[PDB]
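Protein chains in written order, with PDB author numbering: chain B, 1 to 218; chain C, 512 to 519; chain A, 1 to 131, 139 to 217. Let me begin by presenting the structure, written as structure tokens, before commenting on it.
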Amino acid sequence: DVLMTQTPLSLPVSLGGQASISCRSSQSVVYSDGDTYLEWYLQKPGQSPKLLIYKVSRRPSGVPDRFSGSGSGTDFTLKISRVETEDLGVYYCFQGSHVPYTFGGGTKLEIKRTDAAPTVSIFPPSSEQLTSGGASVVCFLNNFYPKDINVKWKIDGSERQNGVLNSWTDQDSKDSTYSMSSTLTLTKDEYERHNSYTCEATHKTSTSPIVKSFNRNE
Amino acid sequence: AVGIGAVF
Amino acid sequence: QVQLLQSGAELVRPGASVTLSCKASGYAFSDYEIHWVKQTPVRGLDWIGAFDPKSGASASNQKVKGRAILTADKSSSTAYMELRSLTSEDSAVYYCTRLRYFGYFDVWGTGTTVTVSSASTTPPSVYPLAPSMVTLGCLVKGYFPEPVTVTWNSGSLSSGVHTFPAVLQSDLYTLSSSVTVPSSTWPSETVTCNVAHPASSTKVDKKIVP
């Protein structure tokens with residue numbers, strides 16, 4: 001088949017900067033009609049892939065001219081000229097000249113933005129969950145940057161590490177931030193044997209943890 | 512892409 | 001207004017077959033080929049095969065070969081791809097897309113999340129999370152397979168929603184969702200989280216109550 005080697009795997013770029021993604025085919029992708037069917041696709045999180053560039057450099061309507069493509073022979077390049085928050089996702093080159101059609105491995109665009117501190121919220125287990133004998137305490141850490149963040153759970157002042165489960169969103173398509181959800185699951189009997197539950201988030205934006213907590217007795 | 516039936 | 005219609009999910013046991021369908025809406029079916037593309041998690045697209053309604057020709061990628069059968073029902077405006085003898089390597093999201101001769105993939109389906117596993121479906125247990140702006144949440148716990156869909160107030164509340172990707176633990180998935188609303192709107196107005204689990208055909212609404 002036609003191999004499509006795409007570089008880089010991961011492309012950090014500041015808002016308004018210039019991104020360039022390269023693709024190198026194993027063979028010429030010129031078709032017998034004289035045209036070359038090199039195409040570039042973007043897969044934004046949660047969505048289907050969408051075409052940006054066709055026939056090496058042509059642009060369908062609705063695709064801004066900030067996206068441009070060029071290529072000779074085996075070597076092809078896609079250029080995003082002023083990165084916008086919505087340009088985040090994984091980009092793929094594609095050859096459509098020779099069956100089986102093939103995609104490159106993909107290049108994830110990461111947008112560098114100004115630092116932002118998390119908004120933190122804590123949530124006791126619902127009574128409906130308590131009726132089934134388990135209890136999950138939840139902490140949301142929303143709209144912060146950069147992506148790295150630490151969370152620590154304290155039950156009655158004592159650190160807890162077992163039963164914690166953390167998940168990060170992808171980068172936000174509108175403000176280029178990240179969010180994270182932390183869930184501590186305990187037995188309902190264990191949840192009822194202690195009083196105070198605390199979630200503390202430590203992030204680069206500040207030396208002091210942002211602390212949230214509750215008591216069941218309130 | 513060219514399409515798998517373009518040459519018929 | 002052109003659209004391609006695809007099933008949201010299919011749970012398949014190892015060794016069994018799946019049939020995926022792509023139904024066109026808003027264009028003359030025979031003027032475009034239907035192609036299928038496999039998306040592996042985190043990264044990767046693979047062209048799987050194609051069927052051309054005009055000439056009847058079909059092709060598929062040789063990595064799956066012997067296992068893909070591509071067909072079309074021209075009277076239903078529907079394309080089909082049967083994939084036989086599935087294993088864990090075949091779990092992925094499968095898209096269909098249309099292609100005119102010497103054209104490009106202009107329209108895409110929303111994709112079918114295919115999971116190959118011997119476990120049975122498990123609908124979610126959805127839990128409301130309740131305690139300036141107020142942030143409220145929904146915990147969607149203990150469901151298999153992927154995906155679930157989460158909307159707030161049946162989708163009328165779309166700004167300020169964060170839905171966190173599922174994590175697999177003890178062979179069941181868990182995710183959460185948070186919505187941030189003005190302190191003026193809650194609890195004075197109703198905020199409901201709406202969860203749909205296509206592989207079990209189930210739907211759940213949980214009212215966020217103080």
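We put the beta carbon where it would ideally sit given N, CA and C, even for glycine.
Under the Cβ criterion of 8 Å, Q6(B) is not counted among the residues facing chain A. Under the 8 Å criterion on CB atoms, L165(B) is classed as interfacial with respect to chain A. Rounded to the nearest whole angstrom, the C-alpha separation of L11(B) and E39(B) is 19 Å. A straight line joining the alpha-carbon of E192(B) with that of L184(B) spans about 14 Å.
The C-beta of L184(B) comes no closer than 8 Å to any C-beta of chain A. Buried is the label assigned to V155(A), since at least 16 other Cβ atoms lie within 10 Å of its Cβ.
Rounded to the nearest whole angstrom, the CA to CA distance from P118(B) to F29(A) is 50 Å.
Put simply, the CB of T169(B) is near chain A, with a gap under 8 Å to one of its CB atoms.
Per DSSP, reduced to three states, the secondary structure at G149(A) is strand.
For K188(B), no beta strand (DSSP E) segment is defined; the enclosing uninterrupted segment is the alpha helix (DSSP H) at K188 to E192.
Cβ-Cβ separation between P123(A) and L11(A): approximately 12 Å, too far for a contact (criterion under 8 Å). Listed along chain A are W47, each with a C-beta nearer than 7 Å to that of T102(B). With its beta carbon less than 8 Å from one in chain C, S55(A) belongs to the interface.
Counted as a single uninterrupted DSSP element, the stretch harbouring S206(B) is not any alpha helix (DSSP H) but the beta strand (DSSP E) occupying residues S206 to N215. Per DSSP, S176(B) lies in no alpha helix (DSSP H) and is assigned neither H nor E.
With respect to the 8 Å criterion, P205(A) and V116(A) are not classified as neighbours on the basis of their beta carbons. Residue-level contact by beta carbon holds for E33(A) and chain C, with a gap shorter than 8 Å. The three-state secondary structure of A173(A), taken from DSSP, is coil. For the options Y37(B), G134(B), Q161(B) and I149(B), the alpha carbon positioned closest to that of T187(B) is the one of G134(B). Between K174(B) and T85(B), the CB-CB gap stays under 8 Å. Taking a beta-carbon distance threshold of 8 Å, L78(B) does not count as an interface residue toward chain A. Looking at the DSSP output, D65(B) shares a beta bridge with no other residue. Checking the DSSP bridge columns, you'll see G89(B) partnered with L109(B). Out of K79(B), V137(B) and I53(B), the CA that lies nearest to the CA of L165(B) is found in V137(B). Each of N195(B), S121(B) and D172(B) was checked against the Cα of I210(B), and the nearest Cα belongs to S121(B). Membership of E33(A) in the beta strand (DSSP E) is indicated by the continuous run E33 to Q39.
The continuous beta strand (DSSP E) containing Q43(B) extends over residues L38 to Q43.
In this structure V90(B) is not in contact with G104(B), their Cβ atoms being roughly 10 Å apart against a cut-off of 8 Å. Secondary structure at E218(B): coil, using DSSP grouped into helix, strand and coil. Sequence-distant partners of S206(B) (beyond 5 residues in either direction) whose C-beta falls short of 8 Å from its own C-beta, in its chain, are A117.
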